[PDB]
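To start, the structure under review is shown below, and the notes come after it.
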Amino acid sequence: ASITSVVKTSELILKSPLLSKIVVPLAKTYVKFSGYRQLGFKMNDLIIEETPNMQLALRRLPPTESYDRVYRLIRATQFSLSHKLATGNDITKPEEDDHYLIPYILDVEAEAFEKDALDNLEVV
Amino acid sequence: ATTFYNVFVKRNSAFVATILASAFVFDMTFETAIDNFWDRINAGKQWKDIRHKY
Amino acid sequence: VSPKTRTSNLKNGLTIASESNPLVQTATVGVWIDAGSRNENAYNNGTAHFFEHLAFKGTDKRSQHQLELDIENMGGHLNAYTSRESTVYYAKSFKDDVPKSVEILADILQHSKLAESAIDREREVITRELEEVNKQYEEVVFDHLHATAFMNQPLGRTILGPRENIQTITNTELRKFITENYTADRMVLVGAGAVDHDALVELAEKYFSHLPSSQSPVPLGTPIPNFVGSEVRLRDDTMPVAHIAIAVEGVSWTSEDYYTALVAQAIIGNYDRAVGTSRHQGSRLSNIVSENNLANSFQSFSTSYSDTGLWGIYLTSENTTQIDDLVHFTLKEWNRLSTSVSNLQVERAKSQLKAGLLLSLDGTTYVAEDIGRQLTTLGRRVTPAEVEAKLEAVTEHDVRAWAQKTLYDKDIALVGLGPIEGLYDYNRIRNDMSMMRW
Amino acid sequence: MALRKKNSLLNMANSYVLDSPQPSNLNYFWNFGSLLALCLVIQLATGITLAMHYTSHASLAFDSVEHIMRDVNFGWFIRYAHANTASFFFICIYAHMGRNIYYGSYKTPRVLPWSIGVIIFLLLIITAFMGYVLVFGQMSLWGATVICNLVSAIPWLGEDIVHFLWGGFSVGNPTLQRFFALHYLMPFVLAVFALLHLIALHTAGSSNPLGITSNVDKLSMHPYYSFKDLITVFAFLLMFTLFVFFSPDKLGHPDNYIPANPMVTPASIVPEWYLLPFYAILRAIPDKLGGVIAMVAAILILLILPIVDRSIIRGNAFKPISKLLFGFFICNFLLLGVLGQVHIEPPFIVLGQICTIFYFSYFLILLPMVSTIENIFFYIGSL
Amino acid sequence: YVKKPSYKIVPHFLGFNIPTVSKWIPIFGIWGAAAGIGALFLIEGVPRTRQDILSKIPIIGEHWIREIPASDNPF
Amino acid sequence: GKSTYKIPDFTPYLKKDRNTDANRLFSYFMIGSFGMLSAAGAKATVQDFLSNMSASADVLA
Ligand code: HEM
Ligand code: HEM
Ligand SMILES: CCCCCCCCCCCCO[C@@H]1O[C@H](CO)[C@@H](O[C@H]2O[C@H](CO)[C@@H](O)[C@H](O)[C@H]2O)[C@H](O)[C@H]1O
Ligand SMILES: CCCCCCCCCCCCO[C@@H]1O[C@H](CO)[C@@H](O[C@H]2O[C@H](CO)[C@@H](O)[C@H](O)[C@H]2O)[C@H](O)[C@H]1O
């Protein structure tokens, strides 16, 4: 699935009052049980990157964001191999779990999908 | 020649279909031809030639 | 809606053709001739180009210096070019300097001295031109392309001619060439911009009335070329950019497939990494090439002559390890003109061409060049309404049928210059002219 | 330049076993690949040695196996090693495949090694099935008969194909001699495909338990994973020792110590344990052709995991619902195994059908739904 | 005066659209024939192929109706 | 010897009718015949060879 898809569906849910009332609390619990914050990751660090679109989005990260992501990946890898969890400031707090990558990938995919559409235009 | 090229040769799908169909024909006709020729050069020698006595 | 092209004749058979534009203040008048290098044989090859030099070297009245001064005093300039099938001599001036310019052109064409002293002087100038074209890579590639595609035929010869001929061209053979070829029934006097047609016809009656007519007047743009699939490799490892042309035999000016070949050419189109918009072009080949950095540029062409043409592409690339991919993807895009094109590509290319054929004519020199080219190749100026109708008549079936008989599984002429180690041998290139999956 | 890099032959070995850059955080489930290589080496060494003493003719086959047990020096060990390592091979391959499914090893960019892996698994099944026939005991013969008769379901030509496979009108000497020749060959084909899936993997490298790139933090294969592999090699050899020396027949069927008799039918004809889940799936469909298709589809459906997993994240480490679903899928696969060897009786007939539906609905319904919903929960939950 | 270019997006999937695929439909046809002829040719020797398919073809079909004389057949 | 625009002599090899459909069709007839005999030879080879796996004469007896 494309990030575009995921974001659009999420926005449909967040619009509907009923839907958001039942989905938002579930989603927050899911994230708590997922436990990626206990390895000091932000959610976007987990997105599959071995794709042309994602490699292009990662190249467009500002250098600071890019250097910080590299450190979180190395740090999480060291927790993984040691079978330890983050403690203290290494744990990602909910307020730090920012969608730093989502805007870049949405722009990459926007162009990719427009190109697909326009490759199939029919002069009327 | 243009017609023949355009129908049987231009598209590789058609070329391969023509080659395979020809191979099928060749195989059946060559079999029959060799069988007859073999029977003529070895006439009176084969079981089929003496079978009538028995 | 552009003003109507007026056309008149003289008694000798000289055509006068004009298109006025009351919004400009300059005018381009000149003489388009249906004659060029292709009219030479092997012995006098180079003559037409030699004459072009001598035309500006002095006449029976004005000397070389007087000629220079006369043009300087007019205010505008004179220009000339000789091609394989066409020669042009024109003068861009101010509105009211048109009678001067017609008079100077008439003089240099009819009454040129061709003095042995001047022949001998230019004989060195032209000899130096042989060693300096070497730098204009596009021209080197296209001249080798003609030489090989039309091997040992008149269209295959260069315009400059061999070194041997340059040393042996006499004033006699120069005079003979221009007497046989520069005849009134082969010539068109063209005016574009701030010109009055009736004024131009009067000037033609004054200056070009004593032009010889040919014995057997054929119509303008009257011509047998036997294309050779072949290759020239000019490998030069020290050059950073590879230049490659690939062509098949194309269409003449008066072919029934002339517009179909232009539409097919527009489906592949052009590309240049230096232009900002080129990464966003709709052409499939454009997308492949830009995404993979295969080339600095490519330019599709469909060159026409009276009785043949060349249709193909010219590529330039610094990516010397992926020349194979570049050639592979280009020829697989040509395959798709036979196997896959539909109304989607055809209607898009038609849209782009309907404008393109009009956009090209954006100044008086371009207009004059268009009137002159069309009059000397077709015998008439084709109105934009007729052109719009011929383009509209091109269907996807026409493009597919044309590509299947012109491109699909056909021989190519191929020229490579520069670091072309990665360009495979002829067979592997020519094998991409068809698709085994189809 | 070091010789191991400069020489092209040495450099190939170097690239796979020494300088190969690995993630620094592979867990012990990344050790099954080297265990499978070990099983393959043991099966080649024991199998070639058994071939030096075994006779493929139906009149002598069963007795040649008894001669191996009784007269050949260490023949009992070579025979038991070969028979038990066939079971260990399947334990390791199910573990390796389970690792791959849990950690998303089938996702881009590793679709090619996974797809070749599915063919490896099919070749292992064929190899093991033919090897089991070679004993020519009762289970050998009757297993060959019933499994080869599944081919009769192929429409129009099915019966003809069966007679062609058998080389006669029933399982007999021609079938045994051809199964010997093919059983000897198939492990070499299997080794080539194992090599192919590793060369395909080498373009992306190993995945890792977190599912993220390891391009940020690589370790050489040697010495780190060489020495970590030795631990599981010695653990495997301990398990091997307990079966081969102390309980050599625990994983087998006693009926295979009775010589093949085409007249007497054994009480229950079952495949070896590692084929049992596929046999339960076949029983679930009442139609003969239906059942064969379902059974083949149960393996080929692994090829669609790259498509039906719609997750934006690789692997299950951080996906609580996917982990629950995976747990149910694995336990269902074990229950199918158990149902493969029960009698065709109530209430196991219906249970086998429900488990079969669950097996397929994992791929077709549940994994696509769950992976879609988890995408939304990760996005909304972290806003 | 024209305010906007006139176009639609045709439905597409995996980079295929109906105009393009429709051009290749006949090619799939011929490849299908090629594969059919080839397959049938490969199993021409199988007795069932002869019995059920080849011997039923009009005129030509007698090529595949061949009986061994009972005197020449050990089986 | 010096000019690269003067193509070397290929007249000993050039066919006059090189652009015709007849000319191409002949070469594809040779390629096609070759492909045809290779197909018939492969079919014969495979059929005779694989028949070793069908019941042998002693089994049929
Ligand atoms: C992947 C590799 C292999 C697997 C999974 C495998 C599996 C098996 C199995 C299940 C049996 C039946 C064992 C029994 O119960 O007695 C067997 C028998 C046999 N295998 Fe293999 N085998 C493999 C490789 C080989 C190889 C390479 C040879 C080389 C010839 C071979 C030769 C034999 C022989 C001769 C027998 C019959 C004797 C016997 O039963 O022990 N095997 N194999
Ligand atoms: C003879 C059987 C096999 C052998 C010897 C073998 C060996 C290996 C080895 C050594 C690796 C790299 C180390 C590791 O991750 O464990 C590996 C990776 C892999 N194998 Fe296999 N394998 C075999 C069968 C299979 C099968 C049946 C599948 C799939 C159905 C498979 C799919 C893969 C995949 C996807 C990986 C990459 C996993 C990753 O690192 O993320 N293999 N295999
Ligand atoms: C695991 C069994 C052990 C035997 C190894 C398997 C034998 C067959 C492997 C050869 C197949 C070719 O495998 C290919 O080799 C080259 C060099 O060897 C590797 O190349 C890699 O290493 C070399 C240096 O070590 C670098 O130049 C290169 O940039 C890098 O990609 C490829 O990543 C690998 O895919
Ligand atoms: C993917 C490939 C498709 C499957 C391949 C098919 C495998 C087996 C098919 C037929 C094999 C036997 O098919 C049979 O073959 C032999 C030749 O081999 C033929 O036999 C014919 O020639 C042989 C010698 O060449 C003579 O002994 C015989 O008297 C004559 O009839 C039979 O006419 C045919 O019925």
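Here Cβ is always computed from backbone atoms with ideal geometry, including for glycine, and neighbour counts include all displayed protein chains. Bear in mind these aren't lab numbers, they're just calculated from the coordinates by the rules spelled out.
Here are the numbers for this structure:
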read-out: Test item: A:63-71 mean partner chain Cβ contacts at 10 Å; value: 1
read-out: Filtered trypsin sites (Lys or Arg not before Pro), segment C:1-82: DSSP coil and at most 10 other beta carbons within 10 Å; value: C:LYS11
read-out: For peptides A:49-56, D:303-310, sequence by mean Cβ density within 10 Å, most packed first; value: D:303-310, A:49-56
read-out: Peptide ranges A:12-18, D:356-362 listed from the most packed, as the mean C-beta count within 10 angstrom indicates; value: D:356-362, A:12-18
read-out: Rounded to 5, percent antiparallel among DSSP beta bridges of the protein assembly as shown; value: 85
read-out: Calculated FRET value between D:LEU238 and D:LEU303, using beta carbons and R₀ = 41 Å, to 0.05; value: 0.70
read-out: Cut-off under 5 Å, modelled amide H: who pairs with C:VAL232 long-range; value: C:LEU414, C:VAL415, C:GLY416
read-out: Pairs from D:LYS5/D:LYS218; C:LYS61/C:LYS100; A:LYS84/D:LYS319; A:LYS21/D:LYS323; C:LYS354/E:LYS4 whose Cα-Cα separation, in the structure shown, is over 22 Å; value: A:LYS21/D:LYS323
read-out: Euclidean distance of C-alpha centroids, segment D:204-219 and segment D:1-74, integer Å; value: 27
read-out: HN-Hα J in Hz across segment F:35-46 - Karplus 6.51, -1.76, 1.60, θ = phi - 60°, x for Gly and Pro; value: x, 6, 5, 5, 5, 5, x, 5, 4, 4, 5, 4
read-out: For chain D, built as a Gaussian network whose Cα springs stay under 10 Å, the top-fluctuating residue of D:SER34, D:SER206, D:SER15; value: D:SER15
read-out: For chain D, convex hull volume per residue from C-alpha positions, Å³; value: 165
read-out: Computed over segment C:197-249, Cα set: Rg, Dmax in Å; value: 23.4, 59
read-out: Sorted peptide list for C:344-351, E:23-30, criterion being average Cβ within 10 angstrom, highest first; value: C:344-351, E:23-30
read-out: Chain D: calculated mean residue ellipticity at 222 nm from DSSP helix runs of at least 4, using -39500 (n - 2.57); value: -20500 deg cm²/dmol
read-out: Rg/Rh for chain E, where both radii come from Cα atoms and Rh is the Kirkwood radius; value: 1.46
read-out: Violating pairs (Cα-Cα greater than 29 angstrom) within the set C:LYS11/C:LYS390; C:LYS410/E:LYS8; D:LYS250/D:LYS288; A:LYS32/D:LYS228; A:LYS8/A:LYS32; value: C:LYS11/C:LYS390; C:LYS410/E:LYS8; D:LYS250/D:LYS288; A:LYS32/D:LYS228
read-out: Simple label model, 7 Å out from Cα along Cβ direction - C:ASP307 to C:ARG380, nm; value: 2.4
read-out: Label-to-label distance, nm, for residues given as A:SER5 and F:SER33 (7 Å Cα→Cβ offset); value: 5.6
read-out: Radius of gyration, Dmax [the protein assembly as shown; alpha carbons; angstrom]; value: 40.6, 126
read-out: Spacing of the two label points (7 Å from each Cα toward its C-beta) at D:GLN341 and D:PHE328, in nm; value: 2.7
read-out: Residue mean of other protein chain beta carbons inside 10 Å, D:23-35; value: 2
read-out: Loop GluC sites (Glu not before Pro), segment C:1-99 (other Cβ atoms within 10 Å of the site Cβ: 10 or fewer; DSSP); value: none
read-out: Number of partner chain Cβ atoms within 10 Å, mean per residue of C:150-160; value: 2
read-out: Cα-based Kirkwood hydrodynamic radius, segment C:64-113, one decimal, Å; value: 11.5
